[PDB]
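Visitor: Residue numbers (the entry's author numbering), protein chains in the order written: chain D, 4 to 37, 41 to 179, 212 to 234, 244 to 293; chain C, 4 to 37, 41 to 179, 212 to 234, 244 to 293; chain B, 4 to 37, 41 to 179, 212 to 234, 244 to 293; chain A, 4 to 37, 41 to 179, 212 to 234, 244 to 293. We put the beta carbon where it would ideally sit given N, CA and C, even for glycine. Once you've had a glance at the structure underneath, I'll fire off some questions.
Protein chains: 4
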Amino acid sequence: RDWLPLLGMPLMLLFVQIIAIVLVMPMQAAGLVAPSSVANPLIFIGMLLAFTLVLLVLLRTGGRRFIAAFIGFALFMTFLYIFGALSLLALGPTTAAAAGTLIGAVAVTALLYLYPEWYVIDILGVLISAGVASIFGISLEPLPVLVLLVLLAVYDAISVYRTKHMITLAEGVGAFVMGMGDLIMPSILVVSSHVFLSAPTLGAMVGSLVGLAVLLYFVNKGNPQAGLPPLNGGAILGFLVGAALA
Amino acid sequence: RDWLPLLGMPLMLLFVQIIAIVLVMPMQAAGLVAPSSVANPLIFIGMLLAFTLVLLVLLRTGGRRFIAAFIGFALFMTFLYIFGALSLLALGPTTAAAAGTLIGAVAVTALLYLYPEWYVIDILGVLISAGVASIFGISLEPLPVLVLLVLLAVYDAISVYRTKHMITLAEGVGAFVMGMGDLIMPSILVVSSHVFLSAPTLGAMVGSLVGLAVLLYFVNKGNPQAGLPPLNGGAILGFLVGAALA
Amino acid sequence: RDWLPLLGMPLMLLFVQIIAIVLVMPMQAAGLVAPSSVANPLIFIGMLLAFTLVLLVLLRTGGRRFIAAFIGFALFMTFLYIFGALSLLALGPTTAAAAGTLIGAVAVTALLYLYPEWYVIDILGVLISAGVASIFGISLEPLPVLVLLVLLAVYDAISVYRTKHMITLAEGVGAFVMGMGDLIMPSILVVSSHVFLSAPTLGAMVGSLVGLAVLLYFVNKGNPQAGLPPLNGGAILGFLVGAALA
Amino acid sequence: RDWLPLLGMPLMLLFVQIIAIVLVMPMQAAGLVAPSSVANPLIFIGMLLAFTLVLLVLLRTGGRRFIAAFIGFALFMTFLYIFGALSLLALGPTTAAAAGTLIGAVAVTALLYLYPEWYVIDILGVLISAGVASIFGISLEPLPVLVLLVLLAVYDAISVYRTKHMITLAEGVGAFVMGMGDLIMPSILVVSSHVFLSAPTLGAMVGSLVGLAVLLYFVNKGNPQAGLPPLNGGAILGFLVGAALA
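Set out below in C-alpha cells:
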C-alpha cells in the first residue's frame, strides 16, 4: 500500500531518537549539560529567545554571503562537535580522531552547502537534531523536561489558535528548522529518561510516535491544528506510560 | 452623579492600592525591594529607559509572534512570581506551593491570550499593576518615592504641554501600558508608607482618589490636561496632610 | 559700529572658560577625572564614538518623546552634577545642598524644556559646556591634552577639506552640539594647565580667543576653512606662550 | 612590454611577504600571538565574523562621517602600532621614539586620507598587510595555520561556486579589502615558519607566487575562478616541498 510518501518523516522520528541515544554515550566525553533544577528550562527559553533575536538581527543586517557565512561558522562548529563526541570517543583523544572530526565536519558542511540530493538534508537534519536532542537530554532530568514540554506545547497551541483567529477574521466575523526543531522537542525526554531493547521509555518513544500519528492525521485534513500538543502530550503520555513497568 | 462608566477606573485605583497592601504582606518572603536612599529614582529612570528601549527594539524585530512571544514571556514570568510569593506565604516553600504558582500562572496567561471576557483584563491589569506597585512600594521608603514622583509629574506636564502647544501652533502661530502603569504609580507611595486600619497613608489612598477625581473630571471634558500632576500632586497632598495629622 | 552682533561667540568663550574655572573648584567634592597617561586621550575618543553611536542609534530608534526623554535623562544627570558640585561646595556636605541641586536641576531642565526665551540656551550652554570642560580638564594633564587637541583639530580639518573637495567636484571637475562642544574643546587645555589674575596660561585663554579672532573672521566670509585648528592651534599657542613665566 | 599591469600584483605578493618577515624579526617585543593550538582558528573565525558584523552595524548606522570615523580609528591606531613598534625597537621607550611613531602615523593616515596617488595605496596597503601578516604569523605555529588555510580556501571556493551557479540560473536553468587581505593569507604561513639565505620555507613564498600565477591567469581569462584555493594550495605546495628538503 501507500508507504513511502510522507512516512519517512516518523522514520526520522525513530531515527533521531536512536541517534540521540547512541550519541548520549560519546557525549558525556566532553562535559555538557546546563543541575536538575526547574529554573534550568527557563534558562533554556531565555537563551532561545536570545538566539532567535540574534538570528533575526543577522538577517536584517544580512549579509550577501555573510548570512551564509555566519551560519557556516555555526555549522562547522556543530559538526565538529558531532564527530567530536563520535570519533573522539571512539578512536579516543588520538591525533587520528581529531583529524577525523576536523576533516569530517569540513567534508559534511561543504557537501550540504554544495547542493546535495536534499533527501540528504533529511539525514543531516536527523543527525544534528539527534545531536541537540541528546545534549539537552543530558542537561537535566525529566521533571524539568516535563515542565518545558508542557510549556512549549501550550505556546504552540496558543499561537496556532491565534493566527487562526487572524485567518477567520480576515473575512468577516526553510520551515525545516521549526520542523526538526520540534522533532527534537519531545525526544529530549526520550533521552532525559534513558539518561535518567532498552529503558521503559521505549514507551516514551512509541507514545511519541503515536503523538505524531495523531498529528499527521489532524493536519492531513483541511484547516490544521496545534502541532506540539499532540507530540508533547503524546510523548509525555507514552513516557508516563513507561512508568507502570518501572 | 454618573456611576459605572469611567468610575470603574477609580474602582481600579482603590483596588490596585488595596491589592498592593495585601501584597505588601507576602512579598518580603522572597526578599525583593531596593537602602532608603533618594539615589534610587535616577537609576530607576535609567532602567525604565532601558526597558522601553528594549521593548521597542523587540517590536522592530517583529516578528509576527516574536513580539507577542517576548512580551508574553515577561508577562508570564511576572505572573509566576505573583503566584510564587502567593504560595510562599500560604503553603510556604512546599512543592505544592510552587505548582500552585505554575497552574495559577498557566491558567491566567493562557486564559488572557485565548480571548476571554476582557472585563478580565482590567482585573489582570489590577493584579500585575498591584504587583509592581507593591514591589517598589516595598522597595525603599517614602521620601525617595516622593522625589521620583515630583520628577515624573514634571516630565509628563512637560511632554503633554509640549505636544499640545505643538498642536495649537500647527495651524499658523496598547495604551494600557501608560494607563494601568499610571494606575500603579501613586500606589507605591501608598505602599511605601504602610511599608514605612493601616498606615496614616490611607490618606494617600484617598488623596489618590482626589487626584483621579480631578483628572477624570477635566479629561472628561473636551480638550484634555496634563495627567500625572493632578494625580501625584494630589496624592502627595493627601499624604502630607495625613502626615500633618499623625 | 557693528560690535555686539556675532561677537558673542568669543564672549561666551571668555564666559564658558570663566564659569569653567569657577566650576573647577566645586567639582573635587565628587571626584571625577580618568593618571596623566598618554593613553587616556584615546579612552576619550573611543567613548565619544560610543556616545555618538549611541546617540545615532537612539535617534534612528526614535522615539515619540523617547528621544526627548533620553536626552532629558542625560541632561538632568548633567545638571544635577553641576548644581551638585555647586551646592555641595557651597552649602557643603549638607542635606540642604543636595536639595539645592534637585530644586536647581528640575527647575532648569523643566525650564529649557517648556519653551523658555532660549537666549537662556546660550547661558545653559555656557554652564554645561563649562562643566564638561572642567571635568575633563580634571581628567588628566597637559602633554596628553596637547596631543589630543592636535588630533581633533585634524579630524575637523580633514573632514572639512574632504567634503569641500566633494563640493568642488560635485559640479564638473542641532549644530549647536558641535558648537558648544568644540567650544569646550580648546578650553580643556586652558584647565589642565591651570593644574600644571591667576595662572600664566591666561595667555592660552586670550591666545585661544585670538584663534577664534581668526575663526570668526573667516566664518563671516564665503568658502570656509577647518575650524578647530585655528582654535586648538591658537590655544596651544597661548599656552606655550604661557610657558615663559612658570 | 606588458610589465606594470597585473604583474605588479605578484610583486606586491613578494613585497608584502618580505615586509612581513623583515617585520617578523622585531615583533615578539610586546607579546602577541593567540599557543600553537588548533582551537585558535575556530575562535578566530568567530572573531572576524564578529568584527565584520560590527563594522556593518556601523555602516547602516552611518553616520555621514561616523563611518569614516570608526574606520579612521582603526587606521590610525594600527599605524601608531606599526610606527610604534618601529620606534620602540630603535631608540627604545624614549620620548624621541614614541613621538616618532605618533608623528609617523600622523603623516601616514592623514596622507592616506587626503586622496593620495593610489600607487601609494598599493604601498601602504603593502605596509598594513605585511603588519597583520606578521602578527597572526607570529601568533602560533603552522598546523593551526594549515587547518585555518584549508578552511578559508574551501569557504572561498564554496561561495564563488555558489554565486556563480546563482548567476547561470538567473537566465533560465572599496574592493581592496578582500584584496590586500587575501594577499596576506598565504604570507602568514610564509611568516609562521620564521617564527617556527634563510629557511627552507622560503619555498612557500615562490609556491605562493605560483598560486598567484595560476590565479592571475585564470581570472584574466573570461569567466573567473575561486581565488584562495590556487593561492593557499600553491603556497602550501611549495612549503611542503621545503619540508621534503629538510
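Sort 60/B, 117/B, 72/B and 150/B by Cα distance to residue 231/B and report the nearest one.
Guide: 150/B
Visitor: Against chain D, which members of the stretch 53-87 of chain A pass a CB distance test of less than 8 Å?
Guide: 55, 58, 59, 62, 63 and 66
Visitor: For residue 46/A, I'd like the list of residues in its chain whose CB is within less than 6 Å of its CB, leaving aside the five on either flank, ordered along the chain.
Guide: 150
Visitor: For residue 246/C, I'd like the list of residues in its chain whose CB is within less than 6 Å of its CB, leaving aside the five on either flank, ordered along the chain.
Guide: Beyond the five residues adjoining it in sequence on each side, residue 246/C comes within less than 6 Å, by CB distance, of 231 in the same chain, given in chain order.
Visitor: Would you say the stretch 89-108 of chain D touches the stretch 24-33 of chain D, given that touching needs at least three Cβ pairs under 8 Å?
Guide: Counting Cβ pairs under 8 Å, three or more are found: they touch.
Visitor: So, do the stretch 90-110 of chain B and the stretch 48-61 of chain B have three or more beta carbon pairs nearer to each other than 8 Å?
Guide: no
Visitor: For residue 213/B, count neighbouring C-beta atoms within 10 Å of its own C-beta (all shown protein chains included) and say buried if the count is 16 or more, exposed if not.
Guide: exposed
Visitor: Strictly below 7 Å CB to CB, what residues from chain A border residue 116/D?
Guide: Per Cβ cutoff of 7 Å: 160 and 164.
Visitor: I need the straight-line Cα distance from residue 54/B to residue 55/C, nearest angstrom please.
Guide: If you take the alpha carbons of residue 54/B and residue 55/C, they lie about 21 Å apart.
Visitor: Taking the alpha helix (DSSP H) that residue 264/A belongs to, which residues open and close that run?
Guide: Per DSSP, the continuous alpha helix (DSSP H) segment holding residue 264/A begins and ends at 250-265.
Visitor: Could you check the C-alpha separation between residue 164/A and residue 78/D for me, to the nearest Å?
Guide: 11 Å
Visitor: Listed from N- to C-terminal order along the chain, which residues in the stretch 16-34 of chain A have their beta-carbon within a distance smaller than 8 Å of any beta-carbon of chain D?
Guide: none
Visitor: Answer with yes or no whether the minimum CB distance from residue 119/C to chain D is below 7 Å.
Guide: yes
Visitor: DSSP three-state label for residue 232/D, please.
Guide: helix
Visitor: Output needed for residue 280/A: all residues of its chain with C-beta closer than 7 Å, excluding positions within five of it in sequence on either side, in chain order.
Guide: 159 and 258
Visitor: Based on Cα-Cα distance, which residue from 228/B, 290/B, 223/B and 291/B lies nearest to residue 275/B?
Guide: 223/B
Visitor: Checking 7 Å against the spacing of the C-beta atoms, do residue 166/B and residue 18/B come in under that value?
Guide: No, the Cβ-Cβ distance between residue 166/B and residue 18/B is not below 7 Å.
Visitor: Please check the pair residue 137/B and residue 84/B, which I expect to be a contact at CB under 8 Å, by giving their CB distance rounded to whole angstroms.
Guide: 7 Å
Visitor: Determine, for residue 51/A, whether the minimum Cβ-Cβ distance to residues of chain D falls below 7 Å.
Guide: Chain D, which has a Cβ nearer than 7 Å to the Cβ of residue 51/A, makes this yes.
Visitor: Can residue 155/B and residue 130/B be called in contact, C-beta distance under 7 Å?
Guide: no
Visitor: Just the chain D side, please: which residues come within less than 8 Å of residue 179/C by C-beta, in chain order?
Guide: Those do not exist, as residue 179/C stays about 42 Å from chain D at its closest Cβ, beyond 8 Å.
Visitor: Taking residue 36/A and residue 144/A to be in contact with their CB atoms under 8 Å, please state how far apart those CB atoms are, rounded to whole angstroms.
Guide: The pair is a contact, with the Cβ atoms about 7 Å apart (cut-off 8 Å).
Visitor: If you count every other CB in all the chains shown that lies within 10 Å of the CB of residue 146/D, and 16 or more means buried, which is it?
Guide: By the 10 Å Cβ count, residue 146/D comes out buried.
Visitor: Name the residue from 75/D, 140/D and 62/D whose alpha carbon lies nearest to the alpha carbon of residue 70/C.
Guide: 62/D
Visitor: For residue 156/B, go through chain C and note every residue whose CB falls closer than 7 Å to its CB, in chain order.
Guide: Near residue 156/B there are no residues of chain C at all, since even the closest Cβ is about 36 Å away, more than 7 Å.
Visitor: Please classify residue 234/B: is it buried, with 16 or more other beta-carbons within 10 angstroms of its beta-carbon, or exposed?
Guide: Residue 234/B should be labelled exposed.
Visitor: Is the stretch 105-121 of chain C touching the stretch 7-15 of chain C in the sense that three or more CB pairs, one from each, lie closer than 8 Å?
Guide: Result no; under three Cβ-Cβ pairs closer than 8 Å.
Visitor: Would you give the residue range spanned by the alpha helix (DSSP H) that residue 279/D belongs to?
Guide: 275-288
Visitor: When you compare each of 178/D, 157/D and 72/D to residue 52/A by their alpha carbons, which one comes out closest?
Guide: Per the Cα distances, 72/D.
Visitor: Counting only Cβ pairs nearer than 9 Å, list the residues of chain B close to residue 48/C.
Guide: 79, 82, 83 and 86
Visitor: Please classify residue 83/A: does DSSP put it in a helix, a strand, or coil?
Guide: helix
Visitor: Taking only the alpha-carbon atoms, compute the straight-line gap between residue 67/D and residue 60/D and give it to the nearest angstrom.
Guide: 10 Å
Visitor: Per DSSP, what kind of secondary structure is residue 292/D in: helix, strand or coil?
Guide: coil
Visitor: Taking the alpha-carbon positions, what's the residue 244/B to residue 16/B distance?
Guide: 17 Å
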